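Shown here: protein-v7.cif, mmCIF, C-alpha atoms (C1' of nucleotides).
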data_final
loop_
_atom_site.label_atom_id
_atom_site.label_comp_id
_atom_site.auth_asym_id
_atom_site.auth_seq_id
_atom_site.Cartn_x
_atom_site.Cartn_y
_atom_site.Cartn_z
CA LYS A 393 -16.33 110.05 -306.99
CA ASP A 394 -19.48 110.09 -309.04
CA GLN A 395 -22.90 108.73 -308.23
CA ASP A 396 -22.95 105.07 -309.13
CA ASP A 397 -24.58 104.21 -312.39
CA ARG A 398 -27.01 101.49 -311.47
CA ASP A 399 -27.16 100.29 -315.09
CA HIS A 400 -23.54 99.43 -315.87
CA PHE A 401 -24.20 96.01 -317.28
CA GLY A 402 -21.61 94.34 -315.10
CA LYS A 403 -23.82 94.85 -312.06
CA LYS A 404 -26.37 92.57 -313.67
CA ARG A 405 -26.76 88.85 -313.38
CA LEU A 406 -28.89 86.49 -315.39
CA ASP A 407 -30.84 83.99 -313.33
CA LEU A 408 -30.91 81.39 -316.06
CA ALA A 409 -32.96 78.21 -315.72
CA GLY A 410 -30.41 76.71 -313.34
CA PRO A 411 -30.50 79.26 -310.56
CA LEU A 412 -34.21 79.74 -311.23
CA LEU A 413 -35.04 76.08 -310.68
CA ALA A 414 -32.95 76.32 -307.50
CA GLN A 415 -35.30 78.98 -306.17
CA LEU A 416 -38.31 76.96 -307.25
CA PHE A 417 -36.87 73.67 -306.04
CA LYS A 418 -35.39 74.90 -302.76
CA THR A 419 -38.58 76.51 -301.51
CA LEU A 420 -40.69 73.61 -302.75
CA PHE A 421 -38.38 71.27 -300.85
CA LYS A 422 -39.31 73.07 -297.63
CA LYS A 423 -42.96 72.30 -298.36
CA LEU A 424 -41.81 68.70 -298.24
CA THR A 425 -39.78 69.06 -295.04
CA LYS A 426 -42.66 70.66 -293.18
CA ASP A 427 -45.31 68.19 -294.27
CA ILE A 428 -43.64 64.90 -293.35
CA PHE A 429 -42.71 66.43 -290.02
CA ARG A 430 -46.39 67.30 -289.67
CA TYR A 431 -47.60 63.81 -290.46
CA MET A 432 -44.69 62.27 -288.60
CA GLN A 433 -45.70 64.38 -285.63
CA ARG A 434 -49.29 63.20 -285.91
CA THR A 435 -48.73 59.46 -286.17
CA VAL A 436 -46.65 59.39 -282.99
CA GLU A 437 -48.95 61.87 -281.28
CA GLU A 438 -51.59 59.23 -282.01
CA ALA A 439 -49.33 56.14 -282.15
CA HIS A 440 -50.42 55.33 -285.70
CA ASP A 441 -48.31 53.12 -287.96
CA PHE A 442 -45.33 54.75 -289.64
CA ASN A 443 -45.86 54.35 -293.38
CA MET A 444 -43.58 55.99 -295.88
CA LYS A 445 -45.86 56.65 -298.83
CA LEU A 446 -48.35 58.61 -296.76
CA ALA A 447 -45.34 60.23 -295.07
CA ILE A 448 -44.02 61.81 -298.30
CA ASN A 449 -46.52 63.28 -300.73
CA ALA A 450 -44.59 63.14 -303.98
CA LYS A 451 -46.92 65.55 -305.82
CA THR A 452 -45.57 68.31 -303.56
CA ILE A 453 -42.66 68.69 -305.96
CA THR A 454 -43.80 67.23 -309.27
CA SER A 455 -47.04 69.19 -309.19
CA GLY A 456 -45.11 72.28 -308.13
CA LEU A 457 -42.65 72.44 -311.01
CA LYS A 458 -44.95 71.09 -313.75
CA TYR A 459 -47.33 73.90 -312.87
CA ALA A 460 -44.72 76.58 -312.36
CA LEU A 461 -43.27 75.77 -315.75
CA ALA A 462 -46.67 75.46 -317.45
CA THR A 463 -47.22 79.08 -316.55
CA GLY A 464 -44.53 81.60 -315.74
CA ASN A 465 -46.23 82.03 -312.39
CA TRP A 466 -43.32 81.41 -310.11
CA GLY A 467 -44.48 80.75 -306.56
CA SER A 474 -47.53 84.16 -307.54
CA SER A 475 -45.03 87.00 -307.24
CA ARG A 476 -43.61 86.72 -310.78
CA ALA A 477 -44.72 86.05 -314.36
CA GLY A 478 -43.37 86.23 -317.89
CA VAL A 479 -40.62 83.66 -317.41
CA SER A 480 -41.96 80.62 -319.26
CA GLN A 481 -43.28 80.83 -322.79
CA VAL A 482 -44.29 78.46 -325.47
CA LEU A 483 -41.30 78.23 -327.73
CA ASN A 484 -41.51 80.17 -330.96
CA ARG A 485 -41.13 77.74 -333.86
CA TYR A 486 -41.97 80.12 -336.70
CA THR A 487 -38.66 79.91 -338.52
CA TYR A 488 -35.28 78.67 -337.38
CA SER A 489 -33.91 82.10 -336.49
CA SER A 490 -37.04 82.83 -334.50
CA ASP B 58 -8.27 82.93 -257.85
CA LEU B 59 -6.39 83.31 -261.12
CA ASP B 60 -2.86 81.95 -261.01
CA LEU B 61 0.26 83.14 -262.79
CA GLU B 62 2.55 80.20 -263.51
CA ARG B 63 5.14 82.30 -265.25
CA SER B 64 3.49 84.91 -267.50
CA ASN B 65 7.05 85.11 -268.82
CA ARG B 66 7.53 81.79 -270.61
CA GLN B 67 8.86 83.12 -273.88
CA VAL B 68 6.86 81.46 -276.64
CA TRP B 69 6.82 81.77 -280.43
CA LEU B 70 3.40 81.11 -281.88
CA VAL B 71 3.52 80.27 -285.58
CA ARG B 72 1.04 80.14 -288.41
CA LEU B 73 1.45 77.18 -290.74
CA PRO B 74 0.15 75.96 -294.09
CA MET B 75 -2.43 73.23 -293.94
CA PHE B 76 -0.31 70.12 -294.48
CA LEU B 77 2.17 70.56 -291.64
CA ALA B 78 -0.45 71.71 -289.14
CA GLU B 79 -2.48 68.66 -290.16
CA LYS B 80 0.69 66.63 -289.68
CA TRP B 81 0.74 68.40 -286.28
CA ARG B 82 -2.69 67.35 -284.96
CA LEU B 92 9.67 67.74 -283.57
CA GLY B 93 12.58 69.47 -285.28
CA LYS B 94 15.75 71.48 -284.70
CA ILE B 95 15.98 75.27 -285.04
CA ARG B 96 19.20 76.21 -286.85
CA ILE B 97 19.30 79.91 -286.09
CA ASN B 98 21.74 81.60 -288.47
CA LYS B 99 22.86 85.10 -287.55
CA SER B 102 19.61 86.62 -288.86
CA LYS B 103 18.83 83.86 -291.37
CA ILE B 104 17.24 81.64 -288.77
CA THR B 105 16.59 78.13 -290.07
CA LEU B 106 15.04 74.97 -288.69
CA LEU B 107 16.06 71.37 -289.27
CA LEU B 108 12.77 69.52 -288.89
CA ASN B 109 12.50 65.99 -287.58
CA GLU B 110 12.21 63.44 -290.36
CA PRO B 117 10.89 66.05 -292.59
CA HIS B 118 11.78 68.89 -294.94
CA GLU B 119 14.06 71.78 -293.97
CA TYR B 120 11.98 74.89 -293.31
CA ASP B 121 13.81 77.97 -292.11
CA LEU B 122 12.54 80.57 -289.68
CA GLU B 123 11.06 83.83 -290.96
CA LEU B 124 10.42 86.65 -288.49
CA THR B 125 6.72 87.39 -288.92
CA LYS B 126 6.83 89.86 -286.04
CA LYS B 127 9.97 90.89 -284.17
CA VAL B 128 8.31 92.17 -280.98
CA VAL B 129 5.01 90.86 -279.64
CA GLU B 130 3.14 92.48 -276.78
CA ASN B 131 -0.10 92.48 -274.79
CA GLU B 132 -0.29 88.81 -275.77
CA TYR B 133 0.37 85.93 -273.40
CA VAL B 134 -0.39 82.25 -272.94
CA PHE B 135 -2.93 81.08 -270.38
CA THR B 136 -4.66 77.80 -269.58
CA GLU B 137 -7.97 76.33 -268.40
CA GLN B 138 -9.16 73.34 -266.41
CA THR B 207 -20.62 82.80 -263.07
CA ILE B 208 -18.34 79.78 -262.82
CA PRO B 209 -14.56 80.25 -262.70
CA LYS B 210 -12.17 77.49 -263.66
CA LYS B 211 -8.59 76.47 -263.02
CA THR B 212 -6.74 79.05 -265.10
CA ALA B 213 -2.99 79.65 -265.12
CA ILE B 214 -0.76 82.12 -266.95
CA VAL B 215 1.84 80.26 -268.99
CA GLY B 216 3.99 83.01 -270.42
CA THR B 217 4.33 85.87 -272.83
CA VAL B 218 4.62 85.50 -276.57
CA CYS B 219 8.28 86.20 -277.14
CA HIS B 220 8.29 86.68 -280.90
CA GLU B 221 5.88 85.82 -283.72
CA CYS B 222 6.89 83.71 -286.72
CA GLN B 223 5.27 82.14 -289.73
CA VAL B 224 6.81 79.54 -292.01
CA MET B 225 8.67 79.29 -295.29
CA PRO B 226 8.12 75.73 -296.60
CA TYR B 233 11.70 70.23 -300.31
CA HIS B 234 10.63 73.56 -301.81
CA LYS B 235 9.44 72.53 -305.28
CA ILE B 236 7.63 69.49 -303.86
CA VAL B 237 6.09 71.88 -301.34
CA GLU B 238 5.45 74.23 -304.27
CA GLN B 239 4.14 71.33 -306.37
CA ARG B 240 1.77 70.00 -303.70
CA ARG B 241 0.62 73.59 -303.08
CA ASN B 242 -0.36 74.08 -306.72
CA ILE B 243 -1.55 70.47 -306.66
CA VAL B 244 -3.68 71.33 -303.61
CA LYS B 245 -5.50 73.83 -305.86
CA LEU B 246 -6.94 70.81 -307.74
CA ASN B 247 -9.63 69.43 -305.43
CA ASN B 248 -12.89 67.78 -306.51
CA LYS B 249 -16.13 66.30 -305.17
CA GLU B 250 -18.82 63.80 -306.19
CA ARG B 251 -21.39 64.18 -308.93
CA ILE B 252 -24.67 62.23 -309.13
CA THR B 253 -24.99 58.48 -309.48
CA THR B 254 -27.81 58.11 -311.94
CA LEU B 255 -29.53 54.74 -311.62
CA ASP B 256 -28.21 52.29 -314.21
CA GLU B 257 -30.95 49.71 -313.75
CA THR B 258 -33.81 49.84 -316.15
CA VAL B 259 -36.68 51.64 -314.55
CA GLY B 260 -39.29 49.00 -313.70
CA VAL B 261 -36.87 47.45 -311.22
CA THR B 262 -35.97 50.88 -309.81
CA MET B 263 -39.57 52.03 -309.87
CA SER B 264 -41.40 48.89 -308.76
CA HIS B 265 -39.70 49.28 -305.38
CA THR B 266 -40.82 52.74 -304.25
CA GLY B 267 -44.38 51.80 -304.99
CA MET B 268 -45.83 48.48 -303.91
CA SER B 269 -42.83 46.34 -303.00
CA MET B 270 -45.33 43.98 -301.23
CA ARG B 271 -43.02 43.95 -298.19
CA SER B 272 -43.82 46.02 -295.12
CA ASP B 273 -42.41 46.75 -291.66
CA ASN B 274 -38.90 45.76 -292.75
CA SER B 275 -37.49 48.09 -290.09
CA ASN B 276 -38.65 48.75 -286.53
CA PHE B 277 -39.25 52.51 -286.46
CA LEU B 278 -42.03 53.95 -284.29
CA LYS B 279 -43.77 50.58 -284.48
CA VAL B 280 -45.70 51.48 -281.27
CA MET B 294 -67.68 41.04 -259.39
CA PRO B 295 -69.03 39.67 -256.10
CA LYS B 296 -70.85 42.13 -253.86
CA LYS B 297 -69.14 40.60 -250.82
CA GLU B 298 -65.66 40.43 -252.36
CA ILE B 299 -65.82 43.96 -253.80
CA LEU B 300 -66.93 45.41 -250.45
CA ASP B 301 -64.14 43.64 -248.54
CA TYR B 302 -61.55 44.88 -251.03
CA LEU B 303 -63.06 48.38 -251.06
CA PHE B 304 -62.98 48.50 -247.26
CA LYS B 305 -59.40 47.20 -247.36
CA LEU B 306 -58.14 49.83 -249.82
CA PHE B 307 -60.03 52.52 -247.91
CA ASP B 308 -58.48 51.07 -244.75
CA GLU B 309 -55.21 50.81 -246.69
CA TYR B 310 -55.61 54.34 -248.06
CA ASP B 311 -58.12 57.05 -247.20
CA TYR B 312 -57.40 58.48 -250.66
CA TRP B 313 -58.47 55.18 -252.23
CA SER B 314 -59.14 56.48 -255.73
CA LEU B 315 -62.05 54.86 -257.55
CA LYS B 316 -60.44 54.24 -260.95
CA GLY B 317 -57.21 53.34 -259.18
CA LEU B 318 -59.28 50.96 -257.08
CA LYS B 319 -60.84 49.60 -260.27
CA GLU B 320 -57.44 49.10 -261.91
CA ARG B 321 -55.87 47.59 -258.79
CA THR B 322 -58.82 45.51 -257.59
CA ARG B 323 -59.22 44.24 -261.18
CA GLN B 324 -62.97 43.99 -260.56
CA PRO B 325 -65.93 45.30 -262.57
CA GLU B 326 -66.17 49.06 -262.12
CA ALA B 327 -69.87 49.07 -261.19
CA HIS B 328 -69.35 46.60 -258.34
CA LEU B 329 -66.36 48.51 -256.94
CA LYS B 330 -68.15 51.87 -256.88
CA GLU B 331 -71.16 50.26 -255.19
CA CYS B 332 -68.74 48.85 -252.61
CA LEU B 333 -67.09 52.26 -252.22
CA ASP B 334 -70.44 54.09 -252.24
CA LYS B 335 -71.37 52.74 -248.79
CA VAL B 336 -68.11 51.30 -247.41
CA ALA B 337 -66.11 54.41 -248.36
CA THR B 338 -66.64 58.16 -248.29
CA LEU B 339 -67.90 58.99 -251.79
CA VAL B 340 -66.09 62.27 -252.45
CA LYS B 341 -66.41 63.86 -255.89
CA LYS B 342 -66.02 67.51 -254.82
CA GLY B 343 -63.44 69.25 -252.66
CA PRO B 344 -59.64 69.23 -252.46
CA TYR B 345 -59.47 65.44 -252.02
CA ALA B 346 -61.30 64.79 -255.29
CA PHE B 347 -61.57 61.13 -256.33
CA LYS B 348 -60.60 59.97 -252.83
CA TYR B 349 -62.71 57.36 -251.02
CA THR B 350 -61.98 57.50 -247.29
"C1'" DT C 1 -52.95 137.17 -225.24
"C1'" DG C 2 -52.69 131.91 -226.63
"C1'" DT C 3 -55.98 128.70 -227.70
"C1'" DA C 4 -60.05 125.56 -228.47
"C1'" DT C 5 -63.77 124.69 -231.82
"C1'" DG C 6 -67.44 123.55 -235.70
"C1'" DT C 7 -67.71 123.06 -240.11
"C1'" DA C 8 -66.02 122.69 -245.87
"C1'" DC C 9 -65.47 121.84 -249.80
"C1'" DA C 10 -62.52 119.67 -252.94
"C1'" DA C 11 -59.22 115.84 -255.19
"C1'" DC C 12 -57.27 110.81 -253.82
"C1'" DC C 13 -57.69 105.93 -253.38
"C1'" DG C 14 -58.57 100.47 -253.32
"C1'" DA C 15 -61.84 97.32 -252.01
"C1'" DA C 16 -64.79 94.07 -252.91
"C1'" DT C 17 -67.60 91.45 -256.41
"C1'" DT C 18 -69.41 88.05 -260.94
"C1'" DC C 19 -68.85 86.66 -265.68
"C1'" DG C 20 -67.43 81.78 -269.32
"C1'" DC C 21 -63.40 77.84 -271.43
"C1'" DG C 22 -61.11 72.83 -270.17
"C1'" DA C 23 -61.14 68.47 -267.38
"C1'" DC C 24 -63.14 64.58 -267.65
"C1'" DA C 25 -67.08 61.66 -266.18
"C1'" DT C 26 -71.30 60.30 -268.13
"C1'" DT C 27 -73.91 56.53 -270.24
"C1'" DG C 28 -74.86 55.30 -274.77
"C1'" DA C 29 -73.51 52.04 -278.04
"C1'" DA C 30 -70.79 48.84 -281.51
"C1'" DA C 31 -67.13 45.87 -282.09
"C1'" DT C 32 -65.00 42.03 -280.62
"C1'" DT C 33 -65.68 38.21 -278.57
"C1'" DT C 34 -66.30 31.76 -279.29
"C1'" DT C 35 -68.33 27.70 -281.44
"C1'" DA C 36 -69.53 24.16 -285.93
"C1'" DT C 37 -68.95 23.25 -291.21
"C1'" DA C 38 -67.68 22.91 -296.12
"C1'" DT C 39 -64.74 25.20 -299.18
"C1'" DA C 40 -58.52 26.89 -300.63
"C1'" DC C 41 -55.78 28.97 -300.80
"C1'" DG C 42 -51.25 31.18 -297.92
"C1'" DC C 43 -49.84 33.35 -293.54
"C1'" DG C 44 -46.37 30.80 -289.83
"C1'" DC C 45 -44.70 26.74 -286.97
"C1'" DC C 46 -44.40 22.47 -285.31
"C1'" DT C 47 -41.17 17.92 -285.68
"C1'" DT C 48 -38.64 15.15 -288.35
"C1'" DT C 49 -35.55 14.12 -291.89
"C1'" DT C 50 -31.70 14.48 -294.16
"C1'" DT C 51 -27.46 16.67 -294.94
"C1'" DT C 52 -23.35 18.69 -293.78
"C1'" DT C 53 -19.61 19.44 -290.90
"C1'" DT C 54 -16.38 18.33 -287.37
"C1'" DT C 55 -13.32 15.39 -284.61
"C1'" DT C 56 -10.90 11.18 -283.43
"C1'" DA D 1 -11.01 5.54 -292.23
"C1'" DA D 2 -14.74 6.02 -288.99
"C1'" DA D 3 -17.83 8.13 -285.41
"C1'" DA D 4 -20.08 11.76 -284.03
"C1'" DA D 5 -22.21 16.19 -283.87
"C1'" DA D 6 -24.09 20.19 -286.12
"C1'" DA D 7 -27.10 22.23 -289.42
"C1'" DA D 8 -30.64 22.79 -293.28
"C1'" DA D 9 -34.63 21.63 -294.89
"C1'" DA D 10 -38.65 19.67 -295.77
"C1'" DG D 11 -43.62 18.86 -294.87
"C1'" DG D 12 -47.86 19.01 -292.58
"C1'" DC D 13 -50.04 21.32 -289.23
"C1'" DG D 14 -53.62 25.11 -286.98
"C1'" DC D 15 -57.84 28.80 -287.80
"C1'" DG D 16 -55.22 34.35 -287.72
"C1'" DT D 17 -58.25 34.80 -294.53
"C1'" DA D 18 -64.75 33.68 -296.13
"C1'" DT D 19 -69.42 32.84 -294.57
"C1'" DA D 20 -73.86 31.88 -292.18
"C1'" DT D 21 -75.98 31.14 -288.14
"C1'" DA D 22 -77.11 31.68 -282.97
"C1'" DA D 23 -75.86 32.21 -278.36
"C1'" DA D 24 -73.38 36.11 -274.24
"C1'" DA D 25 -69.51 38.92 -271.98
"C1'" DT D 26 -66.04 42.33 -272.48
"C1'" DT D 27 -63.76 46.62 -274.44
"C1'" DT D 28 -63.63 50.36 -276.42
"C1'" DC D 29 -65.63 54.24 -277.67
"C1'" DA D 30 -68.49 58.75 -278.74
"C1'" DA D 31 -71.83 62.13 -277.43
"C1'" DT D 32 -73.18 65.32 -274.56
"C1'" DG D 33 -73.04 66.67 -269.31
"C1'" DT D 34 -71.17 69.33 -264.39
"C1'" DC D 35 -66.74 71.23 -262.21
"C1'" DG D 36 -63.04 75.38 -261.68
"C1'" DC D 37 -60.36 80.20 -264.18
"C1'" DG D 38 -59.17 84.61 -264.77
"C1'" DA D 39 -61.36 89.47 -265.89
"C1'" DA D 40 -65.13 92.82 -265.11
"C1'" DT D 41 -67.31 96.28 -262.06
"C1'" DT D 42 -68.80 100.25 -258.54
"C1'" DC D 43 -68.76 102.60 -253.46
"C1'" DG D 44 -67.68 105.70 -249.64
"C1'" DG D 45 -63.68 107.15 -246.02
"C1'" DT D 46 -59.50 110.32 -245.45
"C1'" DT D 47 -57.36 114.58 -245.66
"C1'" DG D 48 -56.42 120.30 -245.40
"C1'" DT D 49 -57.48 124.38 -245.20
"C1'" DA D 50 -61.27 128.37 -243.86
"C1'" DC D 51 -63.62 130.60 -241.28
"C1'" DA D 52 -66.20 131.87 -238.19
"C1'" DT D 53 -65.80 131.98 -233.45
"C1'" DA D 54 -65.35 131.33 -228.05
"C1'" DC D 55 -63.03 129.97 -223.31
"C1'" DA D 56 -58.40 129.97 -220.52
#

Could you take the file, read its structure, and then write that structure out as structure tokens?
Amino acid sequence: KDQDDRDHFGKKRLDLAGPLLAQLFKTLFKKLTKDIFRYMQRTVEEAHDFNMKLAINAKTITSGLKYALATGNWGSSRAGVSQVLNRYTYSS
Amino acid sequence: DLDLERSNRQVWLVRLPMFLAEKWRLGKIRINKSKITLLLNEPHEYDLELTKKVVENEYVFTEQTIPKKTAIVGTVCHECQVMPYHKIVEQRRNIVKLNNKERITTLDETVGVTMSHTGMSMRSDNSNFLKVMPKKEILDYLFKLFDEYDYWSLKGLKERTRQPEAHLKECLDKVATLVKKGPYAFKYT
DNA sequence: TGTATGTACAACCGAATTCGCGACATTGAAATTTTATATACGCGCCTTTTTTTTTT
DNA sequence: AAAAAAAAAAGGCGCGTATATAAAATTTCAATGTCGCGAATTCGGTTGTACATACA
């Protein structure tokens, strides 16, 4: 048998927006899971009062995506994935 | 102390499709010589197919380091699987290939009502979740606790005597052995 | 003829000894504490009132 | 039909909001202030063989 061609197009996949958001979302969701846990841990460890809005920092996600769209920076670790759209002429 | 009940109880393990095994969590074997069949108990009529004629090195045991009450039931006599009446079994089989699962309930309310809540709903703690001395009298009590206990701890004396701390220590300073070093630390004997 | 003796000069070994972080205790203090009085609102809670429901 | 009991509800009531004042007595608290803990460090005694050498 021959050496595998590593470029046969079938061995490619295209991480379109969907799977890409998954990456971005999934990891960013961890940053939520850890943090509440952290604060949760604190309030008990100091018997403070369990409030929800302090417990979950919403920005953790919204700020994450909005940024990571706004520039193709994707974490860093990757760039060139988000552009301004090109509205020169329809075909463009 | 392993026990061998029979090790020879001839048994025919079977593999099954999902529905009947699920229905199995009786019948009548109509062997036909070897087109073995089975008349189930009402329901369908599923014959016997000989998945493996001869079955070896495989036996049935039981359970009740730590050993446990283990017995040897018997040897697998012959393996079978099942031929599943048929078209309905065929229909449900192809029908079984048509599962589904939930999508997302968007929120049909307009958004102020949905969004006023997760901010300042004005209502809090709806749920319970992690809601968290005389010089004479002091001396007599200090002598008593020291008489009661040589290891009459000072703060424990203060908590128990329920007297001002300064008065209790003064009582224990002369009526008790003021020990702040050594193995019996914080013990007033 | 077997033995007792002084002394060596070299590699091995373990034995015994003194330095800073954490535990709290320290006293220092503020905060809270209780009281009158007008003001008004808005907590909750008291009793009563009325109503409703049940049974005979 | 009537009595009777059960229940809801209504309303005013008290000092938890504000504020100023004093009184004092408690409580809690924060800011350093002394106590062990494991690591860090240096000294000679023992032993074996040589080698000369002398009494039993």

- Query: What residues in chain B have any atom no more than 12 Å from chain D when counting all atoms listed in the file, and can you write them as a PyMOL selection string?
  - Reply: chain B and resi 325+341-344+346

Interatomic distance between CA of residue 418 in chain A and CA of residue 474 in chain A?
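A separation of 16.0 Å between them.
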
**OP:** For the structure shown, which residues end up in the PyMOL selection byres ((chain B and resi 125) around 7)? Put them as a count of residues only, please?
**Re:** 7

Within 12 Å of range 32-47 of chain C, which residues of chain D come that close, and what is the closest atom pair and distance in Å for each? Count all atoms listed in the file and give it as CSV.
residue,atom,partner,partner_atom,distance
D:9,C1',C:47,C1',11.9
D:10,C1',C:47,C1',10.5
D:11,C1',C:47,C1',9.6
D:12,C1',C:46,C1',8.8
D:13,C1',C:46,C1',7.0
D:14,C1',C:45,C1',9.1
D:15,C1',C:43,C1',10.8
D:16,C1',C:43,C1',8.0
D:17,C1',C:42,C1',8.6
D:18,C1',C:39,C1',9.0
D:19,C1',C:39,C1',10.1
D:20,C1',C:37,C1',10.0
D:21,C1',C:36,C1',9.8
D:22,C1',C:35,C1',9.8
D:23,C1',C:35,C1',9.3
D:24,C1',C:33,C1',9.1
D:25,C1',C:33,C1',7.7
D:26,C1',C:33,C1',7.4
D:27,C1',C:32,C1',7.8
D:28,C1',C:32,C1',9.4

* Between A:428, A:457, A:439, A:450, which one has atoms that come closest to residue 414 in chain A, using all atoms listed in the file? ->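 Among the listed residues, A:457 lies closest to residue 414 in chain A.
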
Exercise for review: Could you tell me which residues the PyMOL selection byres ((chain A) within 9 of (chain B)) grabs in this file, written as a list in words?
Suggested key: residues 435, 436, 439, 440, 441, 442, 443 and 445 of chain A

Mind telling me what the PyMOL selection byres ((chain D and resi 39-45) around 10) catches here, as a PyMOL selection string? (chain C and resi 13+15-19) or (chain D and resi 37-38+46-47)

What separates CA of residue 246 in chain B and CA of residue 73 in chain B is a distance of 20.0 Å

CA of residue 316 in chain B sits from CA of residue 434 in chain A at a separation of 28.8 Å

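Nearest to residue 413 in chain A of all the residues A:433, A:487, A:480, A:475 is A:480, based on all atoms listed in the file.
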
Tell me which residues come within 12 Å of (-36.1, 67.2, -300.1), as a compact mmCIF listing (two decimals) with C-alpha atoms, in the coordinates of the input, counting all atoms listed in the file in the file's coordinates.
# COMPACT_ATOMS: atom_id res chain seq x y z
CA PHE A 417 -36.87 73.67 -306.04
CA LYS A 418 -35.39 74.90 -302.76
CA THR A 419 -38.58 76.51 -301.51
CA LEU A 420 -40.69 73.61 -302.75
CA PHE A 421 -38.38 71.27 -300.85
CA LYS A 422 -39.31 73.07 -297.63
CA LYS A 423 -42.96 72.30 -298.36
CA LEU A 424 -41.81 68.70 -298.24
CA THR A 425 -39.78 69.06 -295.04
CA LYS A 426 -42.66 70.66 -293.18
CA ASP A 427 -45.31 68.19 -294.27
CA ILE A 428 -43.64 64.90 -293.35
CA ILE A 448 -44.02 61.81 -298.30
CA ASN A 449 -46.52 63.28 -300.73
CA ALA A 450 -44.59 63.14 -303.98
CA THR A 452 -45.57 68.31 -303.56
CA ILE A 453 -42.66 68.69 -305.96
CA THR A 454 -43.80 67.23 -309.27

- Do a neighbour search on residue 34 in chain D at 10 Å with all atoms listed in the file, toss out local chain neighbours closer than 6 positions, and write the hits as a list in words. residues 24, 25 and 26 of chain C

Write the residues of the preceding selection, restricted to C-alpha atoms (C1' of nucleotides), as a JSON list (two decimals), keeping the file's coordinate frame.
[["chain", "number", "residue", "atom", "x", "y", "z"],
["C", 24, "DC", "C1'", -63.14, 64.58, -267.65],
["C", 25, "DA", "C1'", -67.08, 61.66, -266.18],
["C", 26, "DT", "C1'", -71.30, 60.30, -268.13]]
